[PDB]
Q: 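Below is one structure. I have some questions about it.
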There are 2 protein chains.
Amino acid sequence: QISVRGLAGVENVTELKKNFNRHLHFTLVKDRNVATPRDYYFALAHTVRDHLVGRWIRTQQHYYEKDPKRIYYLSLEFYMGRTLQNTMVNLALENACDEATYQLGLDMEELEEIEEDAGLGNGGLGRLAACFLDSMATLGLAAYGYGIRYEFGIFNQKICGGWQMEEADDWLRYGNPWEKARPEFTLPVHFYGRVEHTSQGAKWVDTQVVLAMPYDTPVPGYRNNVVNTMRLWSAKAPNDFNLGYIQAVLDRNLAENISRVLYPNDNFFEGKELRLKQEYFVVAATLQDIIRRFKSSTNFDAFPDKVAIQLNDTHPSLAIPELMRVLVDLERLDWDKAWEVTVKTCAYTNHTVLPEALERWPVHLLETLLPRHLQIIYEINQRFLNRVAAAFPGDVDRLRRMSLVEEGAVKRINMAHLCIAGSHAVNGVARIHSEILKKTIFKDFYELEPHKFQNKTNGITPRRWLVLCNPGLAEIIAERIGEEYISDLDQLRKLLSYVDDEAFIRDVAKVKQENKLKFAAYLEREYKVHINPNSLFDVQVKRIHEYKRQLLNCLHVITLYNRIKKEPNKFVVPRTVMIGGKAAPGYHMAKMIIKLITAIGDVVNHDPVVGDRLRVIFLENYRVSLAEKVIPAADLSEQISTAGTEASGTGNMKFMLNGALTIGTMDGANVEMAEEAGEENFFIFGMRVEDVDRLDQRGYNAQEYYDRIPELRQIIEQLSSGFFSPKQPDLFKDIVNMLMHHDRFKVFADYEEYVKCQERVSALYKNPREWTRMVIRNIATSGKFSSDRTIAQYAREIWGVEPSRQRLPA
Amino acid sequence: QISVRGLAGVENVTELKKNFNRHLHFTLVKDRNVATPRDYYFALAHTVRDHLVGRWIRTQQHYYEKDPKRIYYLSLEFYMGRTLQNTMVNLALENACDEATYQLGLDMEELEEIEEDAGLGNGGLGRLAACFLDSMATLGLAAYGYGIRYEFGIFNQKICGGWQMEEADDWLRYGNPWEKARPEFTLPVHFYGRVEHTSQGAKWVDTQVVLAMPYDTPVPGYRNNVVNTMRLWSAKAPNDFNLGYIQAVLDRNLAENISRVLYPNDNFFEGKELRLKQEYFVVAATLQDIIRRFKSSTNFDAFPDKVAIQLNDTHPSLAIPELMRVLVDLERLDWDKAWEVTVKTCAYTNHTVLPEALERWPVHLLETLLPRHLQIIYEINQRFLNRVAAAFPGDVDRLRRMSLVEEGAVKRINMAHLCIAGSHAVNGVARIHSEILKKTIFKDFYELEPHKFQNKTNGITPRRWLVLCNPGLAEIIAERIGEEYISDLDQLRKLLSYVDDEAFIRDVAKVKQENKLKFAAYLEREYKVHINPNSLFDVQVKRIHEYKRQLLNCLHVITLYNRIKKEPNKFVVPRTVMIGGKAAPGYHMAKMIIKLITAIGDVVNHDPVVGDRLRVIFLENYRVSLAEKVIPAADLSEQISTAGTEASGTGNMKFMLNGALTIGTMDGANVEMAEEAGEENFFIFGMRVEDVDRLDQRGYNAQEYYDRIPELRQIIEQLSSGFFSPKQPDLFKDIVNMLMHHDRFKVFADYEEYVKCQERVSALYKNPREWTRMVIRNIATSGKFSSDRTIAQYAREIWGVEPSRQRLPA
Ligand SMILES: O=c1[nH]c(=O)n([C@@H]2O[C@H](CO)[C@@H](O)[C@H](O)[C@H]2O)c(=O)[nH]1
Ligand SMILES: O=c1[nH]c(=O)n([C@@H]2O[C@H](CO)[C@@H](O)[C@H](O)[C@H]2O)c(=O)[nH]1
Ligand SMILES: O=c1[nH]c(=O)n([C@@H]2O[C@H](CO)[C@@H](O)[C@H](O)[C@H]2O)c(=O)[nH]1
Ligand SMILES: O=c1[nH]c(=O)n([C@@H]2O[C@H](CO)[C@@H](O)[C@H](O)[C@H]2O)c(=O)[nH]1
């Protein structure tokens, strides 16, 4: 059908059809008479999977032959989403499979919707790991993703009575055709026990054993025949476990609960023992696997030359003391040599400066669960502080500020300090974020070892986030500049010479209108809700959090509603405001924000006077697959976090690449996006980081804004009086109280400028031609935000390896 | 290689090899360089499985087209063992696969040993269900086996310090290539709740829901292209289950524990709630499946004409009240009509008369877990007793004896009485057993409804128990009379005309010697233990129980040892005594019997004076796969249960079919075996049932035997003094006490005759030629014990269907 989807050759279509029928018969054990849509989906999945195996086997054989330096990306989250379409795109099989299924009398798009999302992540951090794996394979790096195979991923969100309800994400229910169990590589992981100090070295004994069984999933690079591996560990009890008889067998569940479920917290630390076990479980199994592969290449001096370990946040921070344990206790290396190897092998990526998100584990927990690691951490701390004392003699406060051990109510271990001390590189995820790290929270560390600190601005993969979710846009672009940009996004700059091209302007606007019509139809199909496709699609999708300020968006929506009610027969640019995202189960305020959104919609969407001029819809169960649908249909991207709180943001990049203009604060990657496109082509507003600091020094008083802004006062009075909750007048009392007395994120402070800025947005939308020309200027300069650029920087500046765009023989 | 293993055609061997390589590549994702023996086993399993699918799909389509009466065999146990070789045998692919793997440079026998046994059963009862499925498919019946897919089957037995140690049987660890999940047929099962009586009928509400997910396994008939289905249910929690968040997800384990593990009790009732849940779980899911299939053929009058439900023991007895519940509460049929349909649909098989094995569930348990079923059971009881009262006016004691409800400490429901009342046929499993049912335990019921009682003597499948485990014997037999006997075992009688044939006599003896050499080698291979292949292989394998009297065997062994020590230089026929079997985890006496066996071996096997004249070995982890190895190598089969206790026995039939002579009591099927072969060709000894009754009436006093038999007294004194347990002199005090003061099975009473009989056995073994001629007379008359004969009788006399030997187009 479309160019960028590859060729539909005669031979290939014929081959695909016969293999599809073979799998339906032999694999699914069914015939066309009793086969269900799900049966057809699996028949197609197995058919596409077959095309991966050959490349998968030779890629790994290749690495064995060439023995290049290996990159190990450790993360407790991999937000993969669906795999079928992504695999077809990277193998250039989309059109052939589309044709083949068509001839079999089937609609491939219908079958694609049957696949469950692999929701092994919460949001940005988990998605970043997924985009990175794609880019590493596309850049020919010998990379491996290591994580946990959660039985239950992020919960499915249901909205009942306007409230969020959570239900288990049993994604493995019907089976996963993409994974391959490798029980032959099962490894033992130890817990509890005690430390014995013998003649030669310490020994960790009397431990409880839990087995780690790996499951491998293929990660195909973009049309380069490279297929890397994502290995996820599953917990298994040993057969002699607890061995009444029946009860002993049933208690196996205890040990296996380790890989049962993903903790649903986004940017928030919850110090639960089960979480600590998950963190050590992935680290312990992964390192044994790494060392095994290394020995199968005694000379640990060359370990850093053949191995690079990237820690995604502090979640896998235990890799540092665990590597020391193995080298010192098992391999018998002297401490100094072991430490040298560890530091040169490990690199750490920091993701958010919010204090409530930092991992600080109680010493009593580590003491009971990992006694040897606690001892190693104390020793690391002792030697690190000796270095600090020698560099800054007499600076006693610096010593306590930098310690890995925090004193107080309960002693805790600051995992971020542990990661900085044991890594040769520490990076932030956006220029402004990395600068904040050096200027504030890690100032002491930067002064001691300035060379360790770097910046690696985040990115997104243009495969899933353009070609896959927005084929129409990828096509009109390819028509003008070719297909090379798909793996070299910087080439999009060539589109700048088309900003005045009437044909192009018209095509860009047509693609957007088509995406909006498709999404508008989807809303009625699966969610039965009417919306006007001619309105401006104003969307904010991301996890619900106070710092992301979905509340500021709500205030604007209510402002628009009150203005309309005041002057009913006055023209206003029609808008469909869409807000979506999940709230962590125990985050009360976030759950109240969701209720507020649906409550506003209940009032606005049923007011006769408003008509189709304003609609407020809450996008239920926002996840990767839904993002792929709504982002291509958006006109306006809301990135309005308080300056200095959003480390980077990645959703913002997805919107920019798909033809939406951005309204946001100078926070995270927004700053670099505006810099790339030009501030005149971005809708910037609000306080800058410096402004926020000035306000804090002075003392933030929300009352002041309430007293001086009539429109704001009206809104707060409506909320307090029960205007949006008739049967429950004080339902939103907690929200009003927080906004008025303890708003850590200064919602009111940016209210006026935000509303003003939104007016400028509506003004531009009234001029279709100029709105589109600004869109083109955004798409044309979004190249810097490809994760291929990000990974190339990690490879050269941190891992010490060169990326390759060379194809492998298929 | 051998005739009975089919042809190794040029085309087929070529096809098998390419498909084997295809699976190793695409299915296992490996190459010949990294493939392990397990990888090769799976490659072979998937290759053979492919040959099943076509026949499986058309067999089921066939039943849909012809709509024959369906037979549903409900059992909580299906002791299947391995599936690879059995599948090749029934598809006539053994030689082709042997050749194909040979050419690939692989040993098929080595690969077959890699497959895990499907140990979803405890012993005879579970194995009977497995043999039955094979015969039903071979006889072309539209039959379905319904059970539970236990995650953990019967525990693996380890012997440590002479004691039994149990370890979890994680048989699904590496995956099961034979099963096919059918999540599309997932059904809800209800528990707890309460009963609401409305205007029209009662309603079961406020229940907890557990999902039942079916897994289908193919059951191939012998070379007739028929492939039936064994459907096993797995428990799954609903996604809204219990929906802190984390804990709610982790608590899903509670509900899913239902299908977690098989209760390891053999011939013993343990009234645990979890077991009751398993029993209802299988019954509830199965009946919904049956009714669905029935409606997809309103007219429940014809239900009994299209459906037959066979209850294997009382374990699935809840099918009766559950069928009534559905018909009355859901379909709205009047009670009388519903009862008529139920009785005509259900048939019940009784398996043992031991009182401790009878299921008698506490009313308080049924009251809380299945409130509606308890009400239905009371109503059934009320109407049944009204019938009894009318038939035997004034016989008040008969009323209390026949009640389904037992009064006393705690009220209980006698499930056997429930089954008799609600079934149109009740059968015993051996002639003597069925007679005992009518004369004793079910006398009252027989007098009320004599027509209901029948006999169906057990049998074993000649496919697994001859062709598969003893190809050498099947071959020399085929050479003389053809291959027809494999599916018509009665033809073995033709071998009687070869009893004087010198060539045949020599071949029979050669095959046995070969089997013994092979087994003797196996013992050293996997268990490192030396034995003399020239000795008489005396074996007793079956679950450890007091009624089976492994203790009587022990007394004989010790007698032989004491006699040798007394007259060292006197000649005696060499023997290797082998005893094997598992003991239920909580059965103390059985565990003590195992310890006694190993203790005897410790003394006997290391006594210089004995030499290789006597060896005592305990066969560890006795299971189906081990039975297939030891039975073909046996010379003497020990079937020595106290007369009247072994309902039938089936191991006895396996030994008779494989060339071993039998020493046993006139109990269970032993009586019919001796009758078929002729008492002169059997080694019968001990009390008959009538003798046991006389002793009980008089009062059994073990002391008498001890006082009058010097050799017996010596043995008991050795046991008491610590002769077999030096470091622990009183280790066997419990055994001696039981034998002397409360032996329910009269071990001493049969001691003298047993030892005398064993002397006659040794006398015959000294004459190779005559021993073999007697063996031939046994094999020649073992035809009656084929499960094909058993199933043909069930089909004609109970289910109302005609068996067919017609092939289906492949
Ligand atoms: O994901 C979450 N983010 C949050 O900000 N919180 C918040 O943490 C605060 C510090 O303990 C509490 O005071 C708040 O009541 C709580 O909502 C959560 O409980 N969960
Ligand atoms: O637990 C967390 N979850 C997250 O999603 N993040 C996020 O990681 C992203 C990738 O670097 C950043 O772009 C986001 O700004 C950050 O909030 C965190 O920093 N921490
Ligand atoms: O499988 C088993 N078979 C048994 O015979 N027993 C027996 O049941 C008897 C009745 O309660 C007890 O008195 C015995 O001590 C026990 O070993 C078991 O505990 N388990
Ligand atoms: O729990 C039980 N397990 C058993 O193995 N049996 C057995 O079932 C067999 C098949 O009918 C019989 O041949 C055995 O004699 C009987 O003990 C029972 O009767 N009960």
Side-chain angles (χ1 to χ4, degrees), chain A residues 75-77 79 121-132 244-245 263-271 312-315 349-359 416 427-430 432-434 456-460 542-548 581-593 639 641 644-654 667-670 734 738 742 744-745 785 787 790, chain B residues 122-123 244-245 263-271 354-357 543-548 582-593 734 738 742 744-745:
Chain A
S75 182
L76 261 75
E77 300 186 11
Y79 211 167
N122 281 290
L125 180 48
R127 202 331 109 168
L128 186 72
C131 287
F132 280 6
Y245 166 74
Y263 271 77
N265 301 299
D266 187 76
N267 292 274
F268 185 71
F269 173 58
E270 189 175 0
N312 190 29
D313 211 289
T314 62
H315 308 161
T349 300
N350 185 279
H351 293 276
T352 185
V353 302
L354 296 175
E356 60 264 46
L358 308 193
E359 293 193 292
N427 75 282
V429 290
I432 190 176
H433 171 62
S434 295
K456 293 288 171 291
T457 304
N458 282 169
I460 56 176
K542 61 218 306 125
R543 288 292 291 262
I544 308 300
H545 202 294
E546 292 169 79
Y547 89 83
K548 292 174 181 292
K582 293 170 183 181
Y587 193 175
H588 177 258
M589 189 56 67
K591 281 191 167 182
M592 289 306 299
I593 288 167
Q639 307 299 328
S641 54
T645 62
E646 192 70 275
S648 174
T650 50
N652 50 182
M653 300 166 186
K654 302 173 192 174
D667 197 21
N670 290 0
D734 298 325
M738 178 279 283
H742 34 80
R744 298 168 55 204
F745 305 105
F785 308 104
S787 47
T790 309
Chain B
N122 281 290
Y245 166 74
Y263 271 77
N265 301 299
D266 187 76
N267 292 274
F268 185 71
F269 173 58
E270 189 175 0
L354 296 175
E356 60 264 46
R543 288 292 291 262
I544 308 300
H545 202 294
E546 292 169 79
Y547 89 83
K548 292 174 181 292
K582 293 170 183 181
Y587 193 175
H588 177 258
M589 189 56 67
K591 281 191 167 182
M592 289 306 299
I593 288 167
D734 298 325
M738 178 279 283
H742 34 80
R744 298 168 55 204
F745 305 105

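Sequence lines set the chain letters: A, B, ... in the order given, protein chains first and strands last, and positions in each chain run from 1. Counting starts at 1 for both ligands and their atoms, in listed order. Just so you know, these numbers use all the heavy atoms, side chains as well, and skip hydrogens, waters and symmetry mates.
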Q: Evaluate ring-ring contact (aromatic ring centres under 6.0 Å, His included) for B/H545 paired with B/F268, printing each intermediate quantity in order.
A: CA-CA 10 Å; B/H545 202 294; B/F268 185 71; 8.2 Å; no
Q: Hey, does B/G586 come in under 3.5 Å of ligand 3, counting only N/O atoms on both sides?
A: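 Yes: some nitrogen or oxygen of B/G586 is under 3.5 Å from one in ligand 3.
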Q: Would atom 12 (C) of ligand 1 count as contacted, meaning some protein heavy atom under 4.0 Å?
A: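 So atom 12 (C) of ligand 1 lacks protein heavy-atom neighbours under 4.0 Å.
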Q: Do you see a donor-acceptor pair shorter than 3.5 Å between the side chains of B/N265 and B/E270?
A: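 There is such a pair between these side chains.
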Q: Measuring to protein heavy atoms, does anything land under 4.0 Å from atom 2 (C) of ligand 3?
A: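 Protein heavy atoms within 4.0 Å of atom 2 (C) of ligand 3 - there is at least one.
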Q: Is the contact between A/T349 and ligand 2 made by the side chain, the backbone, both, or neither, using heavy atoms and a 4.0 Å cut-off?
A: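 Answer for A/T349: neither.
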Q: Just distances here: any N/O of A/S648 and N/O of ligand 2 closer than 3.5 Å?
A: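 It does: an N or O of A/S648 is found under 3.5 Å from an N or O of ligand 2.
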Q: Do you see a protein non-hydrogen atom under 4.0 Å from atom 18 (C) of ligand 3?
A: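 It does: a protein heavy atom is found less than 4.0 Å away from atom 18 (C) of ligand 3.
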Q: Does any N or O atom in A/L125 lie less than 3.5 angstrom from one in ligand 2, N or O only?
A: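 Between A/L125 and ligand 2 (N or O atoms, distance only) the closest approach is under 3.5 Å.
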Q: Any idea which atoms of ligand 2 are less than 4.0 Å away from a heavy-atom of A/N458?
A: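 Close to A/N458: 10 (C), 11 (O), 13 (O).
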Q: Decide yes or no for A/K582 and A/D266: does some side-chain heavy atom of the first lie under 4.5 Å from some side-chain heavy atom of the second?
A: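 Not touching, per the 4.5 Å side-chain cut-off.
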Q: Contact between A/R127 and A/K654 at the side-chain level, heavy atoms closer than 4.5 Å - yes or no?
A: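 Answer yes - side chains close enough.
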Q: Output the distance between atom CG (B/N267) and atom OH (B/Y547), rounded to the nearest 0.5 Å.
A: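 With rounding to 0.5 Å, CG (B/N267) is 4.0 Å from OH (B/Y547).
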Q: For the side-chain hydrogen bond (donor to acceptor under 3.5 Å, both in side chains) test, which of A/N312, A/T314, A/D313, A/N458 pairs with A/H351?
A: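 Among the candidates, only A/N312 passes.
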Q: Under the side-chain contact (heavy atoms from CB on, under 4.5 Å) rule, what do A/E356 and A/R744 come out as? Steps first, then yes or no, please.
A: CA-CA 12 Å; A/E356 60 264 46; A/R744 298 168 55 204; 2.8 Å; yes
Q: Answer with side chain, backbone, both or neither: which part of A/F269 has a heavy atom less than 4.0 angstrom from an atom of ligand 2?
A: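 Neither; no heavy atom under 4.0 Å.
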Q: Using modelled atom types and a 3.5 Å cut-off, is there a donor and acceptor pairing between side-chain atoms of A/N652 and backbone atoms of A/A669?
A: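 Pair absent, no side-chain N/O of A/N652 close to backbone of A/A669.
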Q: Just jot down the ligand 2 atoms closer than 4.0 angstrom to any heavy atom of A/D266, in number order.
A: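 Atoms satisfying the 4.0 Å criterion: 3 (N), 5 (O).
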Q: Answer yes or no for A/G649: is there a heavy-atom contact with ligand 2 below 4.0 Å?
A: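 Judged by the 4.0 Å heavy-atom criterion, A/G649 does count as contacting ligand 2.
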Q: So which heavy atom in the protein is nearest atom 15 (O) of ligand 2, and how far is it from that ligand atom?
A: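 In this structure, atom 15 (O) of ligand 2 has A/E646 OE1, 2.6 Å as its nearest protein heavy atom.
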Q: Could you check atom 16 (C) of ligand 1 against the protein and tell me its nearest heavy-atom contact, residue, atom and distance included?
A: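 Protein heavy atom at minimum distance: A/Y587 CD2, 4.3 Å.
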Q: Would you say A/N265 has any N or O atom under 3.5 Å from an N or O of ligand 2, going by distance alone?
A: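 The answer is no, given that A/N265 and ligand 2 share no N or O pair closer than 3.5 Å.
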Q: Write out the residue and atom name of the closest protein heavy atom to atom 20 (N) of ligand 2, then the distance separating them to 0.1 Å.
A: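 I find the closest protein heavy atom is A/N267 OD1, 3.3 Å.
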Q: Test your reading of the model: is there a side-chain donor-acceptor pair from A/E77 to the backbone of A/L125, 3.5 Å cut-off?
A: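 Side chain of A/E77 to backbone of A/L125, a donor-acceptor pair under 3.5 Å: no, none is there.
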Q: Can you see which heavy atom on B/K591 is nearest to which on B/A584, and at what distance?
A: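 That would be CE-O, 4.2 Å.
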Q: If I apply the N/O under 3.5 Å rule, does A/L128 come out as touching ligand 2?
A: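 N/O-N/O distance under 3.5 Å: no.
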Q: Relative to the heavy atoms of A/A584, which atoms of ligand 1 are at a distance of less than 4.0 Å?
A: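 This gives 1 (O) as the contact atoms.
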Q: Within 4.0 Å of atom 6 (N) of ligand 3 (strictly less), any protein heavy atom?
A: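 Given the 4.0 Å cut-off, atom 6 (N) of ligand 3 counts as touching protein heavy atoms.
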Q: With only distance considered, is A/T650 within less than 3.5 Å of ligand 2 through an N or O on each side?
A: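 For ligand 2, there is no N or O atom that lies under 3.5 Å from one belonging to A/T650.
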Q: Donor-acceptor pair, A/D667 side chain versus A/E646 backbone, under 3.5 Å?
A: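 Here the side-chain-to-backbone pair exists.
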Q: Can you confirm whether something in the protein, heavy atoms only, sits under 4.0 Å from atom 9 (C) of ligand 1?
A: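 No, there is none.
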Q: Give the atoms of ligand 2, by number and element, whose distance to some non-hydrogen atom of A/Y547 is under 4.0 Å.
A: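 Matching atoms, with element in brackets: 17 (O).
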Q: Under a 3.5 Å distance rule, please check whether A/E359 uses its side chain to pair with a backbone N or O of A/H315 as donor and acceptor.
A: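 It does hold such a pair.
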Q: Quick one: pull up CG in A/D734 and CD1 in A/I593 and give me the separation to the nearest 0.5 Å.
A: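 Rounded to the nearest 0.5 Å, the CG-CD1 separation comes to 11.0 Å.
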